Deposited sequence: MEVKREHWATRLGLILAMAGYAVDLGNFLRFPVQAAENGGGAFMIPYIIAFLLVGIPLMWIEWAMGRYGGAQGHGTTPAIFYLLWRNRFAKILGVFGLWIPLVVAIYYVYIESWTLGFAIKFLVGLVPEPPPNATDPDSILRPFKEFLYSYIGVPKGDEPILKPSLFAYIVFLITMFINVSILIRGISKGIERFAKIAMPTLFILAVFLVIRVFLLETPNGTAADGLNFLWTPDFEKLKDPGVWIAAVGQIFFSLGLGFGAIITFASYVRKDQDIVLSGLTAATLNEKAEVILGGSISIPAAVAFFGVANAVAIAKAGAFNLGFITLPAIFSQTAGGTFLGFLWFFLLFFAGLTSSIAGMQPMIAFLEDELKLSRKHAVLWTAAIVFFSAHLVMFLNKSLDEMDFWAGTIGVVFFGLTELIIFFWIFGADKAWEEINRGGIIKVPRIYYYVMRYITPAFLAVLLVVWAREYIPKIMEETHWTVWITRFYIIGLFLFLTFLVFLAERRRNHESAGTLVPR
């Protein structure tokens, strides 16, 4: 079995998995909307009661499976629970990261495309008033993606966007086809320091921003001034538990799969804690110091609330690019911003495609080359739905990327700590540990963590599911149809896997 070569490489690949575009865009917007500095109270709590416990569990489950030659959840769930229904539930740990990959690699390609256009100067140059600067960049994005100009839900990506997507798939494959240590691990040791340098440069340059409308200090101010009155709102605590769960990449199968290349008695307690910490530091220190302070510096604290409500995507793809076109050397600044987002995405997508690759290798005995190429083929092909059908992306992101992962997070806990056995699970986590998990976490993992996840799941199911089902366009059924088909196909592959095993 492939293994991580060095402890540092393992930590950087895992941190690389967790650190993504959300760290630099989603987290700052969530924090501003949910109590500013006060948001750190439920955020740390969520990290301590949900993020950290579940992450350890996924590492444990992964390492446990890897020791027996299985890196994915259909086989691993079955090892923890010898039941047919365990294998079927395990398909979700293959289906979730596959579906997310189908839209994520494409979004990732946008950052590469924007980076290139900025570098060579193929970007708008306004002209005054805020909308006069924002609008040319809104149009730039819309022409790139091919946002529908009619009533048809049809996207028409530019030729540039399509080719960059091809290049982005190629880069992912280039890394993945080299394997865990010589591919994913090797790239982690380059990308994570590169990521750190890019962010630190941006933080310094953003902190120097001074405009007639404000400063970066005003931005840091608006973001970090506590509003403890928002702590009464349960939706702020839901937002925190959700933000932590998504930022750490829990429930995607990626962590389990990556952990399966950790040797049987190699530490996961300290390595896991360190990886999660890297993600948090990148999130609150770097992510919180770039996008929002930059936006508030240029548009003024008066528009801070409006900026936050316009969302993470507009901030990262419209607002910030517009600001850069109005700042000195902003052209090279825009390149760095999107180069940073690209590496953030790239380190996450290679990790997110590994479960499908590992399944083909482990259960269908494909060579790494064949497993990588076929996985890429399925993802490349399916992505055409995301590129050409308006709102298809959102539909996939809701079922697999939002509802899916929390359901799968809960399923993991129950199978491991309740069905497999809490005592067997606890020993599995702490074995080989450089440090031991605090005894208090035995109760957290068993009662607190699933409770939190159960509550989040129900709240979101009651809140969002009726909306998606009743108020969306008929074309959502196309996306629902396709992704349900994918689940059928993966179930069949799992069916073929157990049949081959019966023969040999």
Original post:
Which parts of the deposited sequence lack C-alpha coordinates?
Top reply: 1 to 4, 132 to 134, 512 to 519
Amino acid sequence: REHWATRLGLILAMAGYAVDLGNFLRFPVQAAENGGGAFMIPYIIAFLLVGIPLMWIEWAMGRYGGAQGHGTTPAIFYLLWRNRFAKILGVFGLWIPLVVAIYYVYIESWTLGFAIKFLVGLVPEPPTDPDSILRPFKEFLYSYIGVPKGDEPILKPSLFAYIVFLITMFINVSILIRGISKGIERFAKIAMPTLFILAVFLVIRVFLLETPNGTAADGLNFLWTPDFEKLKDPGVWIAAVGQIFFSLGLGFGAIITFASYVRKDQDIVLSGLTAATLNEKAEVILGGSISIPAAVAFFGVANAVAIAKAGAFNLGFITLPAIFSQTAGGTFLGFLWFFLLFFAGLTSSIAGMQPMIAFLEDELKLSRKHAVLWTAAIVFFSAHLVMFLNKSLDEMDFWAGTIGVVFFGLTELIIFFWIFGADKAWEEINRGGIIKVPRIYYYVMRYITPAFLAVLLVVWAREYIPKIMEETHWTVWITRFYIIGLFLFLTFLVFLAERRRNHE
From here on, numbers count along this sequence of modelled residues.
Subject >> Which of 342 to 350 and 301 to 309 has higher mean CA B factor, as the PDB entry lists it >> reply: 301 to 309
**OP:** Averaging the C-alpha B factors as listed in the entry, name the stretch that ends up higher: 456 to 464 or 25 to 33.
**Re:** 456 to 464
**OP:** Just grab whichever of 283, 428, 108, 394 has the top CA B-factor as deposited.
**Re:** 428
**OP:** Kindly indicate the residue among 274, 375, 402, 327 with the greatest C-alpha B-factor in the PDB record.
**Re:** 327
Subject >> Position of residue 128 among the chain's modelled residues by C-alpha B-factor, lowest, middle or highest third >> reply: highest
Original post:
Which third of the chain does residue 385 land in by C-alpha B-factor: lowest, middle or highest?
Top reply: lowest
**OP:** Rank-wise, by C-alpha B-factor, drop residue 179 into the lowest, middle or highest third of its chain.
**Re:** lowest
Original post:
Where does residue 84 sit by CA temperature factor within its chain: lowest, middle or highest third?
Top reply: highest
Original post:
For residue 224, does the deposited CA B-factor place it in the lowest, middle or highest third of the chain?
Top reply: highest
